[PDB]
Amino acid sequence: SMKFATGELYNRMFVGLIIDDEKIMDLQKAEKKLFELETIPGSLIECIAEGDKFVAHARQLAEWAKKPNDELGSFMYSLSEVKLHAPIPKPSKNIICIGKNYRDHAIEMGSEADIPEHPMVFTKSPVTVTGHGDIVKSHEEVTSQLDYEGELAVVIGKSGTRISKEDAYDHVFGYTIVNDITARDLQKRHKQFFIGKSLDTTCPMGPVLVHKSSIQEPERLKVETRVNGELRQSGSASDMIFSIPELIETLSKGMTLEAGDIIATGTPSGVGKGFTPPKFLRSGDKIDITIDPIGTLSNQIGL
């Protein structure tokens, strides 16, 4: 499984590959030591633009790193020592978000007639983006209706416009997790969702970006969200109203999708707003979103 990450260790930010879910390889330093080359770019978004050849190079480096050698510790780090950022800490454009792409989410937010015949697409500013283990601001002076949304995110590899459904997966690099944290009152107040979706720190992403070659069946992916331990959301990607291929086809009809664009494909039912008494987030709340085999994205709402 090819799982890429942006890590930080002793104030160096680096593009990393997860090895056996316990170690992470610093790909640039590994390339230098094992291949005596320096070609790997310093950000994952630049690596994504290189496509399959970067991924095959990374796979080769991981294979070589298993051969006996005496300087493993210069480039192979235990995950416990490494802070994971969002795989793409600074997207080049807003995160593209789909609204109401699971039937029961649409229903819990209103009724059956709120189910779209066409995708509802909005965005989150890049200033939302944060990583596994980061504190999300509670934004208490702005809203008392912060809510969680666990989602599967797709990262585009090959750039393209007018992409057909049939070719869509050819333009996909990989998959990560997003928490599309939303201020529900701000959504209603401003009508368009941008402001209520774009508060600082409200898009945890990660913990890793799994290359599509490790996930040939994305329709079988499952999203689970727990809030303070309690199961809130449990969706299957196959229940999406619009599939990933349809979303890519729609989005690209008149617009170029570019390497490293991130599409959040919508949350299942189970959001805070959906309960009678609504259950909004508060300081100290812990949110864990699991999609195997991406792993678990965990954040706490700040004090």
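Don't overthink the numbering: it's just position in the shown sequence, from 1.
Legend: mean Cα B-factor per stretch from the PDB entry, 94-102 versus 115-123; the higher mean is in 115-123. In this entry, 214-222 shows the higher mean Cα temperature factor of the pair 214-222 and 83-91. For the set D261, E38, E249, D26, the maximum C-alpha B-factor listed in the entry falls on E38. Take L199, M109, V129, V154 and read off each C-alpha B-factor from the entry; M109 has the highest. In this PDB entry, the Cα temperature factor of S243 sits in the middle third of its chain's modelled residues. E50 sits in the middle third of its chain by CA B factor, as recorded in the PDB entry. Annotation for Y169: C-alpha temperature factor in the highest third relative to the rest of the modelled chain, per the entry. Sorting the modelled residues of the chain by their CA temperature factor places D147 in the middle third.
Split the chain's modelled residues into thirds by C-alpha temperature factor. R189 is in the middle one.
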